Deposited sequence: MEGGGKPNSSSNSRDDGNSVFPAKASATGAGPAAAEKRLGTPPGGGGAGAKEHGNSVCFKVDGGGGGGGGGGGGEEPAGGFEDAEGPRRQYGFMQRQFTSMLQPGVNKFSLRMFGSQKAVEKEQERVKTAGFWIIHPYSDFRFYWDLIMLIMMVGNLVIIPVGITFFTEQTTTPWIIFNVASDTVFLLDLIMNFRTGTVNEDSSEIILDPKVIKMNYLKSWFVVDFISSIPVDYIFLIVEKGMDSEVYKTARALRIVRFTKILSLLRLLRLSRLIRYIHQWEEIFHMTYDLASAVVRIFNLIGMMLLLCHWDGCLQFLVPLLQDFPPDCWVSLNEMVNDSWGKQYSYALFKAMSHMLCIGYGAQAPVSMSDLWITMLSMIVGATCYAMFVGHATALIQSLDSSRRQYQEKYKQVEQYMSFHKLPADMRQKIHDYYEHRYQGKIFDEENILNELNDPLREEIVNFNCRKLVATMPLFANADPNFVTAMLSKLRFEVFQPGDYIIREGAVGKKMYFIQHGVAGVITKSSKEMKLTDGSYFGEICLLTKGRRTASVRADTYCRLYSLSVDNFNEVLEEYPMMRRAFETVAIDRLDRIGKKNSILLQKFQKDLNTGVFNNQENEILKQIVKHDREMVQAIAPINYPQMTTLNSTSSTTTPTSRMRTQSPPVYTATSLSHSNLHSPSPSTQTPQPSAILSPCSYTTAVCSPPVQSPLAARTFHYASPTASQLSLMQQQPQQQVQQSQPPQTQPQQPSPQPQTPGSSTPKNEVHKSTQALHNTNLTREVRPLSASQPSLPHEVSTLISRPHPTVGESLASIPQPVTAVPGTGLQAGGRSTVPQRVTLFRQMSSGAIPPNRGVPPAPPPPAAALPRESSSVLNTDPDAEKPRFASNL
C-alpha cells in the first residue's frame, strides 16, 4: 500500500484537477517513474502527514512560547521528551519535503526527485525549515558543557523553533486551495479565519514577549512584572496578565496597569501596539469583505434599479410613470438580479432543455396545436417562448392591430374584450392570440390584463423558424 498512498488516488479533487480517471491513472504512473522516494503533492500521505504536522505545529507554537517564557527549567525530563519528539517529527518532515513533488503555477507537479524537488527546496525554504527543525538550544547546551547568561541564550535560541510558523502558513495555504477545488468554501470566510488564527497566535506570542524581555533582564525594577509585584506569582497569573496586557495593546484598549516606565517596556509596548493595530485594521478589512459578499445579490439588484431611476430622472418621467415602472420591476424580477440569456447560454443543451421544460411544458402541452406534436418539436417551441409580465389595465393585445405574437398565460387573470360577446376572463394556464399563427392578418379581440399577468409569448416569426426545421408538423 506504500506505493498507493504516495500516489494521487482517484478522488473528487483528483478527477476535477486532472481531468478523469485515465488522466489520474496517467499521473499515478508518472509518480511510479521514481521509486519509494516521490510523494505527490496531492497524495493522501501528503494529506495525512500535513494533518499530523498542522496539529503538531499549532500545539508547538502554543506550548513552546509558554514553556520558555513562564517556566524556569526547560531541561527537565518532560520538556526534553516533548522538544525531542516534536523536533523528530519536524525533521522527518524536512526529509519528506525533499522527496515531495511541488505544485507549479502554469505547470505540472515538479516530480523528478534528484534535482526538480531537492534543488528547489534548498534554494527556497530549506534554511528556515532547518533552523526550526534542529534543536539549536540543545546543541548549544551540549557544546558549552556564568550559567545564567547560558540560560538566557538558550531561551532566545529555543524561539528559533517558532519559525515552524512558515510551515503552518505554507501547509494551510496548500490544503485550503485543495479544499477550494474539493468544496466551494467562500473565500471571505476562509480568509477571515486565517487572520483570526494569526491574530490569536500573535496575541499569544506578544503576551509571552512581554514577560520574556523582562525575564531575560532579571526582572528589572521598572518592569511591569516587578511594578505590579507579579515576579513570584503562578504561571497562570503571570501568563493571564501578560496576555491581558498584549491583547489590550492589540485591540488598542489601554494597558495592564500603567503606561510603560522602562525603555524595554516602552519599545516592546510599541512593537505590540504596531503589530496589534495592523492586525485589527486587517480584521476590519476582512470583516468589510465578508459583509459585502454576503449581500452581493441584493446589493447588485439595488444598483440595477438605481440605474432605472437615473434613466427615469434624465427623461424627467412623471411620478405616476415612475411608480408604474417600479411596480413592473418588483413584479418582473421579484428582487432578483440575473441574466437569463447569459445564464442559459452557459448551460449545456440537456440542462437548458430541462429548465425550459420545467418552466414551460405544462402550459404549452394544454394548447391543442402543440398537444399532438413530436416531443422534439415541442422542445424547440418551448425554447422560443419569451417571459413577459403585463401590469393591471395593460392591453396585451389590441383589436385591429397586426398579430405578430401569441400568448400563453402562466399566471394572472386577463380578460378578452370583444364586440360580439365582450366577456371572457382567461385565468392561469389559458392561451390567447392563437389564430395569429398562420393567418398573418389582424387580431379580432383585445385582451386586457386584469391583474399582473405573467405570460409566455411565442412570436409568429419564431414559430415559423422552429416549423422550418421540422417540415411535417
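By the record, the deposited chain contains unmodelled runs at 1-96, 242-251, 580-890, with no C-alpha atoms placed there.
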